[PDB]
Amino acid sequence: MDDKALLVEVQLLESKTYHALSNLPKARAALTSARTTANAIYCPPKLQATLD
Amino acid sequence: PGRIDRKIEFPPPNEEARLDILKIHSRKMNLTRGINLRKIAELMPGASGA
Amino acid sequence: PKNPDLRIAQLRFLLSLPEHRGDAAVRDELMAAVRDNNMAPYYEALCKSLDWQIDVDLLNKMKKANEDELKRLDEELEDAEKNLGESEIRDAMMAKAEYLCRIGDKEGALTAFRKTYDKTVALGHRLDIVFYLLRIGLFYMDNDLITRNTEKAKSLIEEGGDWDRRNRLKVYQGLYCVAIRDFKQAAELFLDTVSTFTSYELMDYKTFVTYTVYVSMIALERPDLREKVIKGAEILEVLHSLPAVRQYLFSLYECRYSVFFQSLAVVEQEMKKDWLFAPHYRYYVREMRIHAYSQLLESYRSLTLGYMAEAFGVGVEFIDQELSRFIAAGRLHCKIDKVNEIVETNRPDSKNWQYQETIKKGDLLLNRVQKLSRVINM
Amino acid sequence: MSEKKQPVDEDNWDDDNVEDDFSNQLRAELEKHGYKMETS
Numbered sequence: 160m161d162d163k164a165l166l167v168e169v170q171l172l173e174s175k176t177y178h179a180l181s182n183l184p185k186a187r188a189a190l191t192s193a194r195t196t197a198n199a200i201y202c203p204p205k206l207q208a209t210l211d
Numbered sequence: 308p309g310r311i312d313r314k315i316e317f318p319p320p321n322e323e324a325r326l327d328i329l330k331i332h333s334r335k336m337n338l339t340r341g342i343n344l345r346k347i348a349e350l351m352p353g354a355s356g357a
Numbered sequence: 012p013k014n015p016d017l018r019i020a021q022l023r024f025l026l027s028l029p030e031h032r033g034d035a036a037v038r039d040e041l042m043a044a045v046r047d048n049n050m051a052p053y054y055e056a057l058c059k060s061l062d063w064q065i066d067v068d069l070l071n072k073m074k075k076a077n078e079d080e081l082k083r084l085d086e087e088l089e090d091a092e093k094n095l096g097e098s099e100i101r102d103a104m105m106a107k108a109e110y111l112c113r114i115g116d117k118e119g120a121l122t123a124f125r126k127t128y129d130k131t132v133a134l135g136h137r138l139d140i141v142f143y144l145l146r147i148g149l150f151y152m153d154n155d156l157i158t159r160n161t162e163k164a165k166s167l168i169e170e171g172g173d174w175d176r177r178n179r180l181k182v183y184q185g186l187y188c189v190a191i192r193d194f195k196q197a198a199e200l201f202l203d204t205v206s207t208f209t210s211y212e213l214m215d216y217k218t219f220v221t222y223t224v225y226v227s228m229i230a231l232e233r234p235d236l237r238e239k240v241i242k243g244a245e246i247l248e249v250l251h252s253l254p255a256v257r258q259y260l261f262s263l264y265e266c267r268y269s270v271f272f273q274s275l276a277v278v279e280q281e282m283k284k285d286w287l288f289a290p291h292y293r294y295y296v297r298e299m300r301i302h303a304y305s306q307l308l309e310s311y312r313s314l315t316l317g318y319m320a321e322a323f324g325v326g327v328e329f330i331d332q333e334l335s336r337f338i339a340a341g342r343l344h345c346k347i348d349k350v351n352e353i354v355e356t357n358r359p360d361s362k363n364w365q366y367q368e369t370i371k372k373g374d375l376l377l378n379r380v381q382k383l384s385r386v387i388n389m
Numbered sequence: 001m002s003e004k005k006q007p008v009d040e041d042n043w044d045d046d047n048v049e050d051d052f053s054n055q056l057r058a059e060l061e062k063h064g065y066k067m068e069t070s
């Protein structure tokens with residue numbers, strides 16, 4: 160779809176649960192795909208520290 | 308033209324030619340499945356081939 | 012047709028050979044047998060199960076209908092449509108044999124596969140037929156067909172296409188676990204566990220994880236077992252689903268031996284429900300019981316078997332008799348004792364180990380050039 | 001090359047070393063080997 164801002168959070172929420180299943184290389188992979196998506200939004204005003 | 312008689316250009320390749328060179332160098336590579344090499348060469352308007 | 016088919020061959024085993032187990036397999040096989048049009052193999056299976064029931068002639072005319080309905084298709088096809096090779100005659104007549112693999116016995120299916128194998132020219136259609144032979148040789152565990160076509164899959168086919176071989180990597184070591192090769196060849200190429208969806212070519216995933224974790228702790232003790240299965244993370248996801256399997260792992264690695272036997276007790280009894288099962292159970296447990304003893308006698312050289320009476324289980328005389336059987340077996344390199352009640356060990360040194368290997372290999376090559384010198388000189 | 005000394009002449043596929051070791055020691059290995067603990 161067209162939206163971008165909601166995608167940064169749900170990529171980030173999966174990086175919690177792949178780490179919650181103790182899958183460390185996949186959670187590194189899903190986090191980096193959340194990084195390259197995060198750089199094109201008006202505000203990640205609180206989602207920045209969540210990502211950090 | 309007494310010395311050099313054939314003067315041969317080398318333009319940048321076409322979409323079919325970019326498709327073919329991609330087939331050559333991905334030969335030893337290990338492709339997954341479900342993969343379209345044609346759209347990749349469509350993404351290069353004026354590549355070199357190197 | 013063949014794709015969810017292997018669960019049937021589980022219930023063929025589970026109903027038959029444990030004679031007490033005749034309660035629940037027939038409850039979800041017969042309703043599956045009146046489904047799926049399964050008609051040719053179950054006659055002997057109905058003999059070992061409850062004797063007869065008249066649904067036989069019901070699906071006999073129904074298996075004759077779909078036989079004739081597609082037989083009249085591809086005979087009219089070959090008499091009207093004139094392409095060959097991988098033509099419409101091809102995929103109709105492989106649909107006849109895949110009607111045979113789902114319904115009929117193996118014999119009509121395999122001769123139709125050999126009928127259609129030499130009519131092909133593309134290796135991808137050849138390998139998919141060899142997929143079918145390997146699966147029907149795995150249905151009826153026939154060890155003659157599976158040894159042949161794997162060599163056909165290696166040599167004659169898979170110098171071409173790619174990553175339809177990992178589907179048969181799981182089949183090469185499906186052969187090795189139904190064989191007694193529970194040692195290294197199974198656990199080596201089970202180790203690439205990146206094949207997820209429970210397909211025909213990946214018959215199950217979660218039980219595949221249990222298969223590759225049972226066989227894994229025999230291939231290697233500590234030449235970095237812990238990196239490939241314990242520091243491995245994609246394996247660690249799905250053994251976080253199964254608590255008993257993970258407890259069986261970490262008891263052995265973190266040296267909890269008393270709960271290790273209770274875990275190993277569940278494993279051997281749970282192993283009983285398996286159809287590649289005959290090489291496992293009498294050999295698997297005794298190899299692991301002597302595996303736990305060998306590392307436990309390591310780090311000590313004056314052990315007392317009274318310390319085995321509570322740190323380990325119970326049964327002073329039980330440890331005594333089982334070590335005595337294993338020392339006399341030529342394994343388990345230590346020396347049990349009576350009234351001092353001190354399990355002393357003896358392990359060789361470097362030189363006492365190297366001297367033994369050179370005198371074994373020395374007499375081998377000496378005998379080898381004995382016989383060779385007698386072949387020459389008349 | 002006869003010697004004229006002829007005149008007379040996994041199921042069990044690799045089992046006989048393991049079979050010569052143990053054969054019939056209540057091979058279920060649970061009902062006593064794991065069930066010591068009610069005796070102790």
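Listed in order, the protein sequences are those of chains X, C, Y and e. Per the entry's author numbering, the very first residue in the first sequence carries number 160; after that it's consecutive. Per the entry's author numbering, the very first residue in the second sequence carries number 308; after that it's consecutive. Per the entry's author numbering, the very first residue in the third sequence carries number 12; after that it's consecutive. Counting with the entry's author numbering, you get residues 1 to 9, 40 to 70 for the letters of the fourth sequence. Each residue gets a CB set at the ideal place from its N, CA and C atoms; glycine is no exception.
In the DSSP assignment, find the alpha helix (DSSP H) that holds residue 356 of chain Y and state where it starts and stops.
Not the alpha helix (DSSP H): residue 356 of chain Y falls in the beta strand (DSSP E), residues 354-356.
Euclidean distance between Cα positions of residue 133 of chain Y and residue 179 of chain Y:
19 Å
Between the beta-carbon of residue 315 of chain Y and the beta-carbon of residue 354 of chain Y, is there less than 8 Å?
Yes, Cβ-Cβ distance for residue 315 of chain Y and residue 354 of chain Y is below 8 Å.
Leaving out five residues before and five after residue 195 of chain Y in sequence, what residues of the same chain have Cβ atoms less than 6 Å from its Cβ?
230
Below 8 Å on the Cβ atoms is my guess for residue 357 of chain Y versus residue 345 of chain Y; work out the distance and round it to an integer in Å.
6 Å
Give me the Cβ distance between residue 114 of chain Y and residue 50 of chain Y, rounded to the nearest whole Å; I'm assuming they're in contact under 8 Å.
Right, the Cβ-Cβ distance comes to about 5 Å (below 8 Å), so this counts as a contact.
At a CB-CB cut-off below 7 Å, which residues of chain e make contact with residue 279 of chain Y?
The CB of residue 279 of chain Y comes closer than 7 Å to the CB of 59, 60 in chain e, given here in chain order.
CB contact flag (residue 197 of chain Y, residue 290 of chain Y, <8 Å)
no
Can you tell which of C:343, C:317, C:313 has the C-alpha that lies nearest to the C-alpha of residue 354 of chain C?
Nearest C-alpha to residue 354 of chain C: C:317.
Taking 8 Å as the threshold (beta carbon to beta carbon), is residue 198 of chain X in contact with chain Y?
With 8 Å as the cut-off, residue 198 of chain X does not count as an interface residue toward chain Y.
Check each candidate in Y:332, Y:350, Y:21, Y:380 and name the one with the smallest Cα separation from residue 151 of chain Y.
When each option's Cα is compared against that of residue 151 of chain Y, the closest is Y:21.
Check whether the Cβ of residue 184 of chain X lies closer than 8 Å to any Cβ atom in chain Y.
Interface residue, yes.
Of the listed residues Y:295, Y:56, Y:339, Y:342, nearest to residue 226 of chain Y (C-alpha basis)
Y:295
Taking CB distances under 8 Å as the criterion, tell me whether residue 26 of chain Y reaches chain X.
Not a single CB atom of chain X sits nearer than 8 Å to the CB of residue 26 of chain Y.
Helix, strand or coil for residue 188 of chain Y? Go by DSSP, reduced to three states.
helix
Per DSSP, what are the beta-bridge partners of residue 345 of chain Y in this structure?
DSSP lists Y:356 as partners of residue 345 of chain Y.
Would you mind stating whether residue 130 of chain Y and residue 101 of chain Y have Cβ atoms separated by less than 8 Å?
yes
By the 10 Å Cβ neighbour count, where 16 or more other Cβ atoms means buried, how is residue 181 of chain Y classified, buried or exposed?
With 16 or more Cβ atoms within 10 Å of its Cβ, residue 181 of chain Y is classed as buried.
Under a Cβ-count criterion, where at least 16 other Cβ atoms within 10 Å of its own Cβ denotes burial, should residue 328 of chain Y be classed as buried or exposed?
exposed
Alpha carbon to alpha carbon, how far is residue 238 of chain Y from residue 154 of chain Y?
35 Å
Where residue 252 of chain Y sits in the DSSP three-state scheme
coil
Residues that residue 314 of chain Y bridges to, as DSSP identifies them
Y:354
In three-state DSSP terms, what is residue 160 of chain Y?
helix
What span of residues does the alpha helix (DSSP H) with residue 282 of chain Y cover, start to end?
268-282
Cutoff 8 Å: residue 190 of chain X Cβ touching any chain Y Cβ:
no
Secondary structure of residue 194 of chain X, DSSP reduced to three states
helix
Span of the alpha helix (DSSP H) around residue 216 of chain Y:
Counting along the chain, residue 216 of chain Y falls outside any alpha helix (DSSP H), and DSSP gives it neither H nor E.
Going along chain Y in order, which residues have a C-beta closer than 7 Å to the C-beta of residue 180 of chain X?
Ordered by position in chain Y, the residues that pass the 7 Å Cβ test against residue 180 of chain X are 248, 251.
Near-chain e residues of the region 290-303 of chain Y - C-beta to any C-beta below 7 Å:
290, 293, 294, 296, 297
Please work out which residues of its chain come closer than 6 Å, Cβ to Cβ, to residue 13 of chain Y, disregarding the five sequence neighbours upstream and downstream, and give them in chain order.
112, 146
Per DSSP, what kind of secondary structure is residue 334 of chain C in: helix, strand or coil?
coil
Does DSSP put residue 367 of chain C in a helix, in a strand, or in coil?
Residue coverage of chain C in this structure runs from 308 to 357, which leaves residue 367 of chain C outside it and unanswerable.
Under 8 Å between C-beta atoms, does residue 40 of chain e make it to chain Y?
Yes, because at least one Cβ of chain Y sits closer than 8 Å to the Cβ of residue 40 of chain e.
Apart from the five residues just before and just after residue 103 of chain Y, which ones in its own chain have a Cβ nearer than 7 Å to its Cβ?
81, 84, 85, 88
Decide if the region 235-251 of chain Y is in contact with the region 172-191 of chain X; the criterion is three or more beta carbon pairs, one per stretch, under 8 Å apart.
yes
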